[PDB]
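Residue numbers (the entry's author numbering), protein chains in the order written: chain A, 35 to 226, 1010 to 1114, 1117 to 1159, 235 to 312; chain A', 35 to 226, 1010 to 1114, 1117 to 1159, 235 to 312. A prime marks a further copy of an entry chain. Worksheet: the structure to be examined is printed underneath.
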Ligand SMILES: CC1(C)CN2C(CS/C(=N\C3CCCCC3)NC3CCCCC3)=CSC2=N1
Ligand SMILES: CC1(C)CN2C(CS/C(=N\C3CCCCC3)NC3CCCCC3)=CSC2=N1
């Protein structure tokens, strides 16, 4: 009878650490609009989905120890809230995988629909279908007099319905979101202006070129051009070159054009004052215009460490109109950085921890599936202990509601003092 | 007892019209490699999937009338083949929807993965998972002595398994492929070189422009440019213009530049000799180079109706290297046509007819679902007639195996004689 001691303790912890945890998130998210990334818009939805559930936990605690005093309406309410929290939380995490797929795989053109998903579809795809999935809780969940106490849960006409709702749970809860999440990160891990071409091509003017804009020869002869760049790598290739070979050739194109920046006195106090990322943006500008071209700028502002003042000044040139998309990237690189890892890790460890909480519960249910479907035929003492290890794992699983705020803790905090 | 007369007749028709029908497809598809579209590669897979099933139908005919003489191995074989044909056929049609989505929505860059899906993934996505789905037929399908006759079908430990396999059937067979198909055509219906911009922008040189390369004024003044093109449409817009407005402006840009082609004597016997589509390709060439530019070509071949001779000649110019992707489209348009409707209708009517054959069967199963799950509680005479109308609708559904070859009939045939 010790389930009165285990379960109400575990339920009390999640309600207390969840009301404070998820409570702070919703409160802080509303306090400011300036600092809001796409993942932070989704993590707010996750907080509302979890707060709504954590508040129903004291009812779960009382029901474990004593009785369902709350009535028939509140028996329907807690089950409905359990169905919303179950499918929404997992599907919001499926959208965070979808958002991460768009933010990295579509580097350039991404924010365009990333907002469409986060603010518009996030309801059509997550809130509207999850609330529709609660329909059986309204029909089936009911209070009934189990011997000596009022029992409250889903009661169906037959035991076949248990399977219709267990299969549906595995489908919408774990198999379908699991495919989406595992697809997104599978694309992310494997896949992680001037253009890259691994086979010989003619440029805007018809000269033989290969890799990131490297020029072989202005001679119209096919074989004479190949042999002029067969000796640049050190192999008989007949054109076609590897990705790492092109990276070395681009590095040789930079390493030779990067020496010229250090010799030209007009931009050398500008390039040196520039940190790494902004330093590379000027080199990206050099390959396009040339050392004399770029040194005619919008440069006295960039060296003085005046960021936004030089950025708007560069946008008042002809290079801004000649190459519109190609120039905007360069200008934004001076203002900020490599925005054309830590954020990817936070969501990866959030999704990995979400299925970690739910892993001991999955194992439990998987055993009953074999019990009802007659795969394992151990009597009644064994099944009595399988069920004894479902409620504990389900309670332990609920800790997932504390994963989202726990990852927001110690944000910007310097772990230095001892 | 009339099911001996209805069912073996319906089974005999599908085996005879299927062996001839699907037989001819596989045979003809192999005879030539030249004429092969993406849909035709998928329709061959559909033919093999249906031929394999139609050959098992005489066994279905004998089993309806007399007995399962064939044995325990062949009872497992027919069920396995039924599972392959069920999920593969529907999922091949899901790939035809996916291929149609790539061929139309990605107009330019499509054939690239359209081949990846059709030849490489078509096995990983359709053949490999369908053959894995047959596993329960090997375990459950068995011959047993129903009173006075040998009955052969899936026998499980309990009636809960019927639900685990009915829900799985609806999921992999109809709900999941249905979402994919309905998604693809939903995108196709709604969504059905120089670039289109509905808001004022600066061109390569910094002059105010709007729509498909229409030039307002070289004056750097914002309001003076707007008012110069506020009078071109006849409304106070403050920049922003509609899609139909831009189409009228492009038509006014063409209608004025199309008059010039009819006045220049150098190309007027070329433009006039050119049919519609190839005529538009030359206009697309005019807006880029201008009436004097294009009239310097590669033109005496195009007017003489020598197609491929002019195409390779145009690819030997500087315009071919200056605008590589933009020129290749124009050259291909002279060789062939608008390749940058009838094919879309054939697949639409194939998918619509596929679910039409399966519609009376879906209705039948849907009633038993309510019977087992206790939604409708009509005794034993009603259910005896629901089952009496499942086998007929299942037999009538099998006609779907004759849909793929029937659509290949009368191809190129002139319906003129009477
Ligand atoms: C899936 C589900 C919502 C369903 N369920 C269940 C079955 S109902 C139930 N009471 C509550 C479970 C949580 C929702 C409110 C009813 N049983 C017993 C009754 C005796 C005391 C212990 C719990 C246990 S934990 C759980 N979680
Ligand atoms: C889904 C399924 C493959 C399963 N099935 C069934 C149930 S098995 C079955 N015999 C055959 C069905 C087709 C496969 C081979 C067994 N029953 C009766 C036995 C008495 C005579 C009439 C049919 C009927 S039609 C059908 N189609």
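Backbone N, C-alpha and C fix where the C-beta goes; we use that ideal spot for every residue, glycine too.
- For residue 1019 (chain A), the chain A' residues whose Cβ falls inside 9 angstroms of its Cβ are 1139, 1140, 1143, in order along the chain.
- Assignment of residue 119 (chain A') by DSSP, reduced to helix, strand and coil, places it in the helix class.
- Interface flag for residue 193 (chain A) against chain A' is set, since a Cβ pair is found closer than 8 angstroms.
- Here DSSP, grouped into helix, strand and coil, assigns residue 1022 (chain A) to coil.
- Three or more Cβ pairs drawn from the stretch 111-122 of chain A' and the stretch 78-88 of chain A' lie within less than 8 angstroms of each other, which places the two stretches in contact.
- With distances taken between CA atoms, residue 259 (chain A') lies nearest to A':283 out of A':283, A':246, A':1069, A':1090.
- Contact note: residue 1023 (chain A') reaches chain A through 1137, 1139, 1140, 1141, using a C-beta cutoff of 9 angstroms and chain order.
- Taking C-beta separations shorter than 8 angstroms and ignoring five residues to either side along the sequence, the partners of residue 147 (chain A) in its chain run 136, following chain order.
- Placement of the Cβ of residue 1127 (chain A) at a distance of 7 angstroms or more from every heavy atom of ligand 1 is found.
- Around the beta carbon of residue 67 (chain A), fewer than 16 other beta carbons sit within 10 angstroms, so the residue counts as exposed.
- Listed along chain A, the residues sitting closer than 9 angstroms to residue 205 (chain A') by beta-carbon distance are 201, 205.
- Apart from the 5 residues on each side of it in sequence, residue 1153 (chain A') sits with its Cβ closer than 7 angstroms to the Cβ of 1095, 1098, 1121, 1126, 1129, 1130 in its chain, given in chain order.
- The three-state secondary structure of residue 178 (chain A), taken from DSSP, is strand.
- Residue 268 (chain A) has a beta carbon lying within less than 8 angstroms of a beta carbon in chain A'.
- Not a single C-beta of chain A' is nearer than 8 angstroms to the C-beta of residue 59 (chain A).
- Listed along chain A is no residue with a C-beta nearer than 8 angstroms to that of residue 177 (chain A'); the closest approach is about 21 angstroms.
- Under the Cβ criterion of 8 angstroms, residue 124 (chain A) is not counted among the residues facing chain A'.
- Per the Cβ contact rule, the stretch 298-310 of chain A' is in contact with the stretch 236-248 of chain A' (3 or more Cβ pairs under 8 angstroms).
- Residue 99 (chain A') counts as exposed, since fewer than 16 other beta carbons sit within 10 angstroms of its beta carbon.
- Not one heavy atom of ligand 1 is found less than 7 angstroms from the C-beta of residue 1064 (chain A').
- Contact note: residue 198 (chain A') reaches chain A through 197, 201, 267, using a C-beta cutoff of 8 angstroms and chain order.
- In terms of Cβ geometry, residue 194 (chain A') and residue 41 (chain A) do not form a close pair [threshold 8 angstroms].
- In this structure, DSSP gives residue 244 (chain A') a helical state, which the three-state scheme calls helix.
- By the criterion of at least three beta-carbon pairs nearer than 8 angstroms, the stretch 1136-1152 of chain A' is in contact with the stretch 1099-1109 of chain A'.
- Look at residue 187 (chain A') here: in three-state DSSP terms it is strand.
- Straight-line measurement puts the Cα of residue 1117 (chain A) at about 24 angstroms from the Cα of residue 1025 (chain A').
- Contact between residue 159 (chain A) and residue 129 (chain A) is confirmed by a C-beta separation of about 7 angstroms, below the 8 angstroms threshold.
- A Cβ-Cβ separation of about 5 angstroms places residue 1011 (chain A) in contact with residue 1029 (chain A) under the 8 angstroms criterion.
- If you look at residue 1121 (chain A'), you'll find it in the alpha helix (DSSP H) that goes 1119-1122.
- In this structure, DSSP gives residue 287 (chain A) a helical state, which the three-state scheme calls helix.
- For residue 112 (chain A), the shortest C-beta to heavy atom distance toward ligand 1 is below 7 angstroms.
- Setting aside the 5 residues that flank it on each side, residue 1050 (chain A') is surrounded in the same chain by 1058, 1062, each with a C-beta closer than 7 angstroms to its C-beta; the list follows chain order.
- Between the alpha carbons of residue 1144 (chain A) and residue 1159 (chain A) lies a gap of roughly 11 angstroms.
- Excluding the 5 residues flanking it on each side, residue 79 (chain A) has same chain C-beta neighbours closer than 6 angstroms at 126, in chain order.
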